[PDB]
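Colleague: These protein sequences, in sequence, are chains H, A and L. Here the first sequence stands for residues 1 to 134, 140 to 223, where the numbers follow the entry's author numbering. Here the second sequence stands for residues 26 to 160, where the numbers follow the entry's author numbering. Here the third sequence stands for residues 1 to 213, where the numbers follow the entry's author numbering. Note that beta-carbon positions come from the ideal geometry of N, C-alpha and C, so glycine has one too.
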Amino acid sequence: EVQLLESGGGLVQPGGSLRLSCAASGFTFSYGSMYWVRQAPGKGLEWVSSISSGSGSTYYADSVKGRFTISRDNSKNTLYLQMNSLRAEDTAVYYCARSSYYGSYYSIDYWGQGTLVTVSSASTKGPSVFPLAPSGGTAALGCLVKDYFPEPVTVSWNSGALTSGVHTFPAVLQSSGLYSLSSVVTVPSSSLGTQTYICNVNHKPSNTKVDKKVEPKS
Amino acid sequence: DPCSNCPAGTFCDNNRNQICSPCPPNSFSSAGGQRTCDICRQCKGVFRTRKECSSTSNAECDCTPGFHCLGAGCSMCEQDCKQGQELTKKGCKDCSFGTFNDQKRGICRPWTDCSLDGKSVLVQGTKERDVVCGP
Amino acid sequence: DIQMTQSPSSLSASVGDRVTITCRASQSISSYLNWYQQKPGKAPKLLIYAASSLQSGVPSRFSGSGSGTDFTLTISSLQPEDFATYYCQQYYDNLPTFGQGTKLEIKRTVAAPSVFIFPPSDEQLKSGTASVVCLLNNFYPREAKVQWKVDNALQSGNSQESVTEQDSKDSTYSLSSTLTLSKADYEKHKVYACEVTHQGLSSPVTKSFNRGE
Ligand SMILES: [Mn+2]
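1) Three-state secondary structure (DSSP) at residue 202 (chain H)?
2) Leaving out five residues on either side along the sequence, give the residues of the same chain with a beta carbon under 6 angstroms from the beta carbon of residue 50 (chain L).
3) Suppose the cutoff is 6 angstroms on Cβ atoms and the five residues either side in sequence are ignored; what does the same chain contact list for residue 105 (chain L) look like?
4) Which residue marks the beginning of the alpha helix (DSSP H) containing residue 124 (chain L), and which one marks its end?
5) According to DSSP, which residues form a beta bridge with residue 172 (chain H)?
6) Of all the beta strand (DSSP E) runs that stay within the bounds of the stretch 163-189 of chain L, which reach a length of 3 or more residues?
7) Could you name the residues of chain A that residue 54 (chain H) contacts, counting a contact when the two beta carbons are closer than 9 angstroms?
8) For residue 137 (chain H), collect the residues of the same chain with a Cβ closer than 7 angstroms to its Cβ; drop the 5 residues on either side in sequence, then sort them by chain order.
9) Please check if any C-beta of chain L sits within less than 7 angstroms of the C-beta of residue 41 (chain A).
10) Determine the direct distance from the alpha carbon of residue 132 (chain L) to that of residue 178 (chain L), and round the result to whole angstroms.
11) Which chain H residues are close to residue 44 (chain L), counting only those with a beta carbon under 7 angstroms from its beta carbon?
12) Please list, in chain order, all residues of the same chain as residue 124 (chain H) whose beta carbon is under 8 angstroms from its beta carbon, the five residues on each side excluded.
13) Against chain H, does residue 206 (chain L) count as a neighbour if the rule is that its beta carbon must be under 7 angstroms from one of theirs?
14) Out of A:38, A:45, A:34, A:143, state which residue places its alpha-carbon closest to the alpha-carbon of residue 52 (chain A).
15) Would you report the Cα separation of residue 192 (chain H) and residue 199 (chain H), rounded to the nearest angstrom?
16) For my contact list, residue 36 (chain L) and residue 44 (chain H) are in at a C-beta cut-off of 8 angstroms; report their separation, rounded to the angstrom.
17) Note down, in chain order, every chain A residue with its Cβ under 9 angstroms from the Cβ of residue 93 (chain L).
18) Determine the closest residue to residue 74 (chain L) out of L:22, L:116, L:208, with distance taken between C-alpha atoms.
19) Measure how close the beta-carbons of residue 126 (chain H) and residue 213 (chain H) come, nearest whole angstrom, since I'm counting them as under 8 angstroms.
20) So is the beta-carbon of residue 173 (chain H) under 6 angstroms away from any non-hydrogen atom of ligand 1?
21) According to DSSP, is residue 88 (chain A) helix, strand or coil?
22) With hydrogens ignored, establish whether the beta-carbon of residue 170 (chain H) is closer than 6 angstroms to any heavy atom of ligand 1.
23) Taking residue 167 (chain H) as the reference, which of H:142, H:202, H:71, H:39 has the closest Cα?
24) Taking all protein chains shown into account, do 16 or more other C-beta atoms lie within 10 angstroms of the C-beta of residue 48 (chain H), making it buried, or fewer, making it exposed?
25) Return yes when the C-beta of residue 143 (chain H) is under 6 angstroms from any heavy atom of ligand 1, and no when it is not.
26) Per DSSP, what are the beta-bridge partners of residue 71 (chain H) in this structure?
27) At 3 residues or longer, and completely inside the stretch 10-76 of chain L: list those beta strand (DSSP E) runs for me, N to C.
28) Can residue 191 (chain H) be considered in contact with ligand 1, in the sense that its beta carbon sits closer than 6 angstroms to one or more heavy atoms?
29) Check whether the Cβ of residue 133 (chain L) lies closer than 7 angstroms to any Cβ atom in chain H.
30) Sort A:158, A:73, A:128 by Cα distance to residue 107 (chain A) and report the nearest one.
31) Over the uninterrupted beta strand (DSSP E) stretch that includes residue 153 (chain H), give me the two end residues.
32) Do the CB positions of residue 170 (chain H) and residue 190 (chain H) come within less than 7 angstroms of each other?
33) Round the Cβ separation of residue 135 (chain H) and residue 55 (chain A) to the nearest angstrom and send it over; I've been treating them as touching at under 8 angstroms.
34) At which residues does the beta strand (DSSP E) containing residue 132 (chain A) begin and terminate?
35) Could you tell me the distance, in whole angstroms, from the CA atom of residue 27 (chain A) to the CA atom of residue 34 (chain L)?
36) Which residues does DSSP pair with residue 24 (chain H) in a beta bridge?
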């Protein structure tokens, strides 16, 4: 089973440096290439770096050339991205990738889950979690995840068990420079009182792990 | 030429304006400046894979149990004999008295002459072991 | 360098329709051209390689064409799951440049949203801020006007909106609007209303509450 896992992502101040790691398993890097591809929030895929197997010949996009260095420690099966002189434009989810050979050439086929790199001078702030207590037989409830920095925050309902009718909204940057989002769930009105609803909020940068039970007010 | 710069594990790609491209699967280039990668050797039949092929090195073959590699790069598979034997046209035959073979391959060799080094014989040699000389 | 220009940036098309996405290279790249599909929260998936070769496990409705500079991706009969951002990528020079992407929206019949108003929790009010949330659930098209009214007075600048990505099965959208006020301003007024205008509604829908149940 081919598995790619990035780490090293996080908040970094402009002018600063960050080193990303991509741990691989289920293959031997004896053929093709490995890559780093980045994606700025709401923007397109940008290939940034490549490394050839055997030789370790490297290639860079003009946008990162001279600032970024790709390397592979084969003994640890780990791909690195050393990122120097970082600016706000470098804020993106950074993905490591592995090639596959189709139609007489190597191209990107396998992707990791990505690691978010935020280039900002703002401080890490943990969120506050508030319940949104319970229209044509439909009832709505949720959780308001307010005042956090940086991204991301993950939201689950009843530890991933409740997925139907769930909407976790993209975060909005408030006038205060802190993010806020709500995660909601709709259910039939008549079903209220037959099930419990707990939103599980996680904001790893601030070590925030909040489980909030949503009940009707009295 | 720009092709000369292409290192081991790559080939000078004639279909993409002479860029260095990684060797395709089942091929290798253990040297630089090649315009094509060489097909990997298949270790099958009497042969078995010892070291798998990579972009920078060819696959290295081994033989089936009860056999050993003969010649450079394991070109043949020769039948294994017991320690204290050697291979003849009519199969494995025991080492003749005064000769030994400590390996499952090769030929019987005469025992070392301890008297040459002014040494005594402490333990006489066998068919599988050489003599053990004194100090 | 090699530049990859994709055309158009976005398009809306119905289930069963046929769509074409263009990809132009700044210089000849022979057939070393790939097409990827990126669905929200999922890793990009390879659809086509070598400009026209359909990858195994990819439906026959996806097809590629071109050589040199001009390339085309066509989807013969759109499905609701086809909602994604499509990218071309060139592999001719060791610097594999991606196209800027084409966001594909699945057109659908008008669906009126269900509207929900949430008063601020007592937990938040103890901190000195009041957030009033308005939810619009499973509507199409995305275009909707969400107006906040406090004691019948229309609000400005004190609200922010967020829309979910198009649902992959029912092709709809969901929206949340957050009205933010101080504890003092929130306790000064009584009636909190969320008014919604949408193609699916005969006339605007108002959801409201009076502070203090
Ligand atoms: Mn919904």
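Modeller: Quick look at the numbers:
1) DSSP places residue 202 (chain H) in coil when its eight states are reduced to three.
2) Around residue 50 (chain L), the same chain offers 31 as residues with beta carbons nearer than 6 angstroms, after the five sequence neighbours per side are excluded.
3) Apart from the 5 residues on each side of it in sequence, residue 105 (chain L) sits with its Cβ closer than 6 angstroms to the Cβ of 12 in its chain, given in chain order.
4) Bounds of the alpha helix (DSSP H) holding residue 124 (chain L) are 122-125.
5) H:189
6) Runs of the beta strand (DSSP E) inside the stretch 163-189 of chain L: 173-182.
7) 32, 33, 34, 35, 47, 48, 53, 54, 79, 80, 81, 82
8) Residues lacking coordinates in chain H include everything strictly between 134 and 140, among them residue 137 (chain H).
9) yes
10) About 6 angstroms.
11) 45, 111
12) 11, 154, 155, 210, 211
13) no
14) A:34
15) 11 angstroms
16) Rounded, the Cβ-Cβ distance is 11 angstroms, inconsistent with contact.
17) 41, 42, 44
18) L:22
19) Sure, about 4 angstroms apart at Cβ, within 8 angstroms.
20) no
21) strand
22) Using a cutoff of 6 angstroms, the CB of residue 170 (chain H) counts as near ligand 1, since one of the ligand's heavy atoms is closer than that.
23) H:202
24) Buried, since its Cβ has 16 or more Cβ neighbours within 10 Å.
25) Flag unset: Cβ of residue 143 (chain H) not near ligand 1.
26) H:80
27) 10-14, 19-25, 33-38, 45-49, 62-66, 70-75
28) yes
29) yes
30) A:128
31) 143-153
32) Result yes, Cβ atoms of residue 170 (chain H) and residue 190 (chain H) sit closer than 7 angstroms.
33) Note on chain H: numbering goes from 134 to 140 directly, and residue 135 (chain H) within that interval has no coordinates.
34) Per DSSP, residue 132 (chain A) belongs to no beta strand (DSSP E) and is neither H nor E.
35) 27 angstroms
36) Listed as beta-bridge partners of residue 24 (chain H) by DSSP are H:4.
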